[PDB]
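Residue numbers (the deposited numbering), protein chains in the order written: chain J, 6 to 141; chain W, 1 to 55; chain T, 12 to 85; chain S, 1 to 175; chain L, 8 to 111. C-beta atoms are modelled at their ideal positions from N, C-alpha and C, and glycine is treated no differently. Notes follow the structure.
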Amino acid sequence: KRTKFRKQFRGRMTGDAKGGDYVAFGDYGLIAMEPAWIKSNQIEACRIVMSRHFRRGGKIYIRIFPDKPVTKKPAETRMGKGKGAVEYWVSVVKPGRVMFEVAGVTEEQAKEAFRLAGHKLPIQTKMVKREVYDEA
Amino acid sequence: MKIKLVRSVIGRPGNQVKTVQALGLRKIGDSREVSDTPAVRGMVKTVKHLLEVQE
Amino acid sequence: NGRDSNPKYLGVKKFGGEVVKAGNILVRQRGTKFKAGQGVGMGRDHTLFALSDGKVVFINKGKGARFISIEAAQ
Amino acid sequence: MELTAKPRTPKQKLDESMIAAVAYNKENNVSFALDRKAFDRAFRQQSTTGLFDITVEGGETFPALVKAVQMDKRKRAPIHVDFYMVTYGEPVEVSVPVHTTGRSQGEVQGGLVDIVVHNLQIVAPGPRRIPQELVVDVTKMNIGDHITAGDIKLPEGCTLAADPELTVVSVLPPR
Amino acid sequence: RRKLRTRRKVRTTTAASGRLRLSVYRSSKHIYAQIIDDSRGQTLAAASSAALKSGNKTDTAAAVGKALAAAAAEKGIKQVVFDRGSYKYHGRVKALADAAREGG
RNA sequence: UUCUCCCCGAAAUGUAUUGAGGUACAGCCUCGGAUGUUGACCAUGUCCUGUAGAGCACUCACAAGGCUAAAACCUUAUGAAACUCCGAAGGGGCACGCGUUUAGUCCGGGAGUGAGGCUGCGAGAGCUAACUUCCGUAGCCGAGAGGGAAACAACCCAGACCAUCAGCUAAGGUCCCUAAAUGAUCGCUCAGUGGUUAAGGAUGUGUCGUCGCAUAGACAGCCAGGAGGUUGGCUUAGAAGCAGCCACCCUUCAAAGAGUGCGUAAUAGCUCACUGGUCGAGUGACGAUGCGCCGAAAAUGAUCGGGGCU
RNA sequence: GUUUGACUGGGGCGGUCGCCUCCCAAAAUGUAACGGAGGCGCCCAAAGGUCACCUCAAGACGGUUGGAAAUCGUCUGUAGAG
RNA sequence: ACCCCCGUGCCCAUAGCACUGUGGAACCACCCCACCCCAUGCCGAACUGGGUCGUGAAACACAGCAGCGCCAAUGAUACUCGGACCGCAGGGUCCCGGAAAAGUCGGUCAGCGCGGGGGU
Ligand SMILES: [Mg+2]
Ligand SMILES: [Mg+2]
Ligand SMILES: [Mg+2]
Ligand SMILES: [Mg+2]
Ligand SMILES: [Mg+2]
Ligand SMILES: [Mg+2]
Ligand SMILES: [Mg+2]
Ligand SMILES: [Mg+2]
Ligand SMILES: [Mg+2]
Ligand SMILES: [Mg+2]
Ligand SMILES: [Mg+2]
Ligand SMILES: [Mg+2]
Ligand SMILES: [Mg+2]
Ligand SMILES: [Mg+2]
Ligand SMILES: [Mg+2]
Ligand SMILES: [Mg+2]
Ligand SMILES: [Mg+2]
Ligand SMILES: [Mg+2]
Ligand SMILES: [Mg+2]
Ligand SMILES: [Mg+2]
Ligand SMILES: [Mg+2]
Ligand SMILES: [Mg+2]
Ligand SMILES: [Mg+2]
Ligand SMILES: [Mg+2]
Ligand SMILES: [Mg+2]
Ligand SMILES: [Mg+2]
Ligand SMILES: [Mg+2]
Ligand SMILES: [Mg+2]
Ligand SMILES: [Mg+2]
Ligand SMILES: [Mg+2]
Ligand SMILES: [Mg+2]
Ligand SMILES: [Mg+2]
Ligand SMILES: [Mg+2]
Ligand SMILES: [Mg+2]
Ligand SMILES: [Mg+2]
Ligand SMILES: [Mg+2]
Ligand SMILES: [Mg+2]
Ligand SMILES: [Mg+2]
Ligand SMILES: [Mg+2]
Ligand SMILES: [Mg+2]
Ligand SMILES: [Mg+2]
Ligand SMILES: [Mg+2]
Ligand SMILES: [Mg+2]
Ligand SMILES: [Mg+2]
Ligand SMILES: [Mg+2]
Ligand SMILES: [Mg+2]
Ligand SMILES: [Mg+2]
Ligand SMILES: [Mg+2]
Ligand SMILES: [Mg+2]
Ligand SMILES: [Mg+2]
Ligand SMILES: [Mg+2]
Ligand SMILES: [Mg+2]
Ligand SMILES: [Mg+2]
């Protein structure tokens, strides 16, 4: 969720992601296919769904993180003073980027958990078990 | 090294236009015989989509 | 909280393989991205200018330490 | 295995979905290209510890370990491969999968085992005698224990290439 | 002890335009001296005192300056740089100077 | 703000302004004189640059572990307009012309313009809204007629000296309205899709793969069967395979799993898995794509421009 | 008799108006916004001329007042200071 | 001519660090002494002035070595001038040249002058 950090506001455009195409932690991983912002409560709902389905057990990693501030001008004004101070934090997400990955849960239950979590994300997404991997 | 125009200058960027003008072509359907020296090859390359290079 | 800014043109002015007359300015810079070479002088703002007429030429070694210099004609 | 062409031009490669390839060592680092599906059946059968022979359409077999694959981020498919020609002195710093044996007694009281390092890069495996896996018995482990590299037993002529104190597999508590 | 060496060596070869170098070495009882043409990677007129002996180092070195002044004098030496090593223009190397160019 | 034809031809930018729909200077137009290839393009040589990408070596942020009085520090792992160990493509200056072209500069008379507009690419502001706004860049309109885009400044093609009841082509087209193949070949969709979005959903269909089960006779059909511990332990007033909590162990078999669904507060009862006979050949689960389906509700009368087209 | 500014996504209220630095700014220079951040209207007879010398932050171990950081000692130490 | 030392440059990390070995009576170095030339905001530690011996201890010089730094390919990809497209949009594709960063293969513990001293 919200970071405790630095400059309030930013900008925006896109290109395919590089910083995490492969599933390092855990066994399985759901993975993004579209370039939307993800932001805060969207993730946290993914987290709370999977933690319901799995917890008492399993290991849940959230490799994505609401870095990027996004702004809302007030109410109903004209293009006025500056931008709007707050609103929500997002994480940009490009295809092949891994958002989620379970540990210690059978293949089928990871299927169902990824299905639930992905039914509330702006992007469609595909899951995979980790092929052979390199990058260490 | 035969050439002709086969596409208009209009609505094309500046280098393409001034290059068409350098190569000696001022109307579609103009043809010409050009030497193969590196700068002329570079000109006729710069606007090669406008030109039906013969061979 | 926005209105402010300011406009001071800077940069290399006389590039390598150019014939500077003496007293020509060859680089304006804020620090020492270029260090004045053989044949070059540097004023208060670390401007590098020709000491005597010649061919401007650049020596590059490691971007901590490169130098502009003059190789006179004749 | 088998492979044929190696032009600097790639337009032929994409159509028949054959992967691009290279083979190199000290003396010759020549590039090549090979079929895709057979390569994937092979790379399934053996990972970075497995090896296979390539028969370039020149009439001489060569023995190659797999060293790195770099493939599409969007499409999941593999794109490019780097096989490594290997002399029969010990192959350098090969990676070995970690695998766990037994039902840990930590699992039986609310814990679960977690392999903190899915691969362990050991030096001097000894070519052709490479460890294609690495079994670690976890039954002794209770909740909160760490089986470090100072535990993992090794075959012939092998010495861990990673710091022994580093955590490998660890049992973890509930939640 | 180091920085003073390269310090005076940078200020010397800045002031070096036309004029030649004159690097007195003093750290031992070897008060060797050289005359180096910066640019060309060459020396031309060294006056080391491995054979000479005149007593206290301040006066022994004195003759070294004198020896050197004759050598460069045979080559047509205008002036020179001086290029102190690190030695604070003291009586032994100050004497090598007064002896060098009193007799130049 | 009135008569004609001929030649060239802009500006809606910059800085300044009690300035903002005004004006000065510059910029861009024209005319005459001077020089007289210095202009343009493209090539080679040379130098300059920190963007795209990438990367964590510093600053900030940040994910899972280890060590540990948590900081640092180790493995693994990321984000960046105001981070950068790195870093292109391009871009700028200079020389040269090794090569084609035709402008350029200086001097003096006359100006107008200083409200711009759209689209593609690059950003900001904005909802990654606007026939939105402010900059950069290319082109068109502006001041551009002609052909196409039903109609349509801007989009596609193409720059109209005058005449012709001649010819060739561009974009774009060849059933009739309409100039031109109701053309040829191998396919695909039976939705009028074509001729109106998406999350999501589905044995629509054609093409490819990956997996298992098998004619020592499998999939679905049908007959017979469906364990004894044991109402497994906790649980609750009761939970006995099926409210929820801990496992999923033994006897027998060709064999029936402390076990899937329905039932009743709980029981019982009906079926499921696995085992036989009789069949008798394929069958079942994933995954990539081609084109289609549903999801798909606004106001006066409907339609792809129309007829109509499988 | 006169004065009683301008910008301004209508005007008013609010805010702003000169100067420096960074991002925006699309690896030349330049580039707008009531875009995103921050400073100046000074200071110093020495913080200047020159000439001589010295080298920083930080950490660890060890030590009187101390007790995380004071002062002193060894080690590491392109700068993590100034 | 061969060897090594003292200086000193070009090049300044492929030439630097760490572990190790070898040098002393040539050379350098520590070392001895210091009231004074000279000097430490206290201390000859450093500058400094007079010299053996002793010792190469430390330093420095040279040699080994690839643990660490530093260099760093090929294949491919990112991105992209130019050309032509798709998507309502975020965003994507194709042909043509250009072409990284990282990482793998490997490469290194330099190379090149001038002088003077002393050996053989
Ligand atoms: Mg993108
Ligand atoms: Mg792209
Ligand atoms: Mg990475
Ligand atoms: Mg076009
Ligand atoms: Mg005209
Ligand atoms: Mg002004
Ligand atoms: Mg105006
Ligand atoms: Mg004017
Ligand atoms: Mg004229
Ligand atoms: Mg000119
Ligand atoms: Mg010219
Ligand atoms: Mg970037
Ligand atoms: Mg590197
Ligand atoms: Mg010419
Ligand atoms: Mg005039
Ligand atoms: Mg007039
Ligand atoms: Mg205007
Ligand atoms: Mg405009
Ligand atoms: Mg915004
Ligand atoms: Mg508009
Ligand atoms: Mg007008
Ligand atoms: Mg028109
Ligand atoms: Mg026009
Ligand atoms: Mg028209
Ligand atoms: Mg029409
Ligand atoms: Mg229309
Ligand atoms: Mg319109
Ligand atoms: Mg019109
Ligand atoms: Mg015809
Ligand atoms: Mg056509
Ligand atoms: Mg007709
Ligand atoms: Mg037909
Ligand atoms: Mg769908
Ligand atoms: Mg059925
Ligand atoms: Mg009046
Ligand atoms: Mg006003
Ligand atoms: Mg304010
Ligand atoms: Mg710029
Ligand atoms: Mg630019
Ligand atoms: Mg402007
Ligand atoms: Mg902004
Ligand atoms: Mg030496
Ligand atoms: Mg040593
Ligand atoms: Mg001896
Ligand atoms: Mg002493
Ligand atoms: Mg020693
Ligand atoms: Mg390559
Ligand atoms: Mg091209
Ligand atoms: Mg393009
Ligand atoms: Mg390409
Ligand atoms: Mg590289
Ligand atoms: Mg060495
Ligand atoms: Mg020598």
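Asked                                                                                                                               : Found
Exposed unless 16 or more other CB atoms sit within 10 angstroms - verdict on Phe26(T)                                              : exposed
Option nearest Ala107(L) by Cα separation, candidates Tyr94(L), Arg47(L), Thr13(L), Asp66(L)                                        : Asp66(L)
Within 8 Å, strictly: CB atoms of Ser80(T) and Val51(T)                                                                             : yes
Sub-8 Å separation of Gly65(T) and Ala47(T) beta-carbons                                                                            : no
Cβ pair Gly63(J), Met132(J) closer than 8 Å                                                                                         : no
Rounded separation between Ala115(J) and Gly123(J) - CA only                                                                        : 12 Å
Endpoints, the alpha helix (DSSP H) within which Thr19(L) is located                                                                : 10-22
Exposure of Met104(J), with buried meaning 16 or more beta-carbon neighbours within 10 Å                                            : buried
Neighbourhood of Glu49(J) by C-beta distance below 7 Å, restricted to the same chain and skipping five residues each side           : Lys6
Backbone secondary structure at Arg135(J) - three-state DSSP                                                                        : coil
Interface flag, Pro127(J) vs chain S, CB-CB below 8 Å                                                                               : no
Interface flag, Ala68(S) vs chain J, CB-CB below 8 Å                                                                                : yes
Opposing strand residues paired with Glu33(W) [DSSP bridges]                                                                        : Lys2(W)
Bridge-paired residues (DSSP) for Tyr32(L)                                                                                          : DSSP output for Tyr32(L) lists no bridge partner at all.
Reduced DSSP secondary structure (H/G/I, E/B, other) of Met85(S)                                                                    : strand
Residue of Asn119(S), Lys140(S), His146(S), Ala38(S) minimising C-alpha distance to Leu160(S)                                       : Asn119(S)
Option nearest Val92(S) by Cα separation, candidates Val108(S), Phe62(S), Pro125(S), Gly111(S)                                      : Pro125(S)
is_contact[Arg60(J), chain S] using C-beta, thresh 8 Å                                                                              : yes
Element boundaries [beta strand (DSSP E), containing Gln121(S)]                                                                     : 119-123
Rounded straight-line distance, which links the Cα of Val9(W) to that of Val34(W)                                                   : 19 Å
Segment limits, beta strand (DSSP E) that includes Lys32(T)                                                                         : Note, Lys32(T): premise wrong, no beta strand (DSSP E); not H, not E.
Close Cβ partners of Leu23(W) (< 6 Å) along its chain, the five nearest in sequence each way excluded                               : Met43
Residues of the stretch 80-107 of chain J whose Cβ lies closer than 9 Å to any Cβ of chain S, in chain order                        : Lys99, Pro100, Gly101, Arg102
Beta-carbon proximity check, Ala40(L) vs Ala53(L), cutoff 8 Å                                                                       : yes
Run of the beta strand (DSSP E) containing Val95(J), from where it starts to where it stops                                         : 92-95
Nearest candidate by alpha-carbon position, reference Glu16(S), set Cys158(S), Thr4(S), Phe43(S), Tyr88(S)                          : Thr4(S)
Beta carbon proximity, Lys64(J) to chain S, threshold 8 Å                                                                           : yes
Three-state secondary structure (DSSP) of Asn46(J)                                                                                  : helix
Contacts that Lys73(S) makes with chain J (C-beta to C-beta distance below 9 Å)                                                     : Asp21, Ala22, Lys23, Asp26, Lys99, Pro100, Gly101, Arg102
Contacts around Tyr93(J), its chain only, beta-carbon distance under 6 Å, and the 5 residues preceding and following it disregarded : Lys44, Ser45, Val75
Residues that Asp114(S) contacts on chain J, provided the C-beta gap is smaller than 8 Å                                            : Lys64, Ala108, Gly109
Any non-hydrogen atom of ligand 2 within 7 Å of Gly20(J) CB                                                                         : yes
Those residues which DSSP pairs with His99(S) across a bridge                                                                       : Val135(S)
DSSP state of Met1(S) mapped onto helix, strand, coil                                                                               : coil
Distance between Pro79(J) and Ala90(J) (C-alpha atoms, nearest Å)                                                                   : 9 Å
Endpoints, alpha helix (DSSP H) assigned at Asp53(S)                                                                                : No alpha helix (DSSP H) contains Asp53(S), which is instead part of the beta strand (DSSP E) from 51-56.
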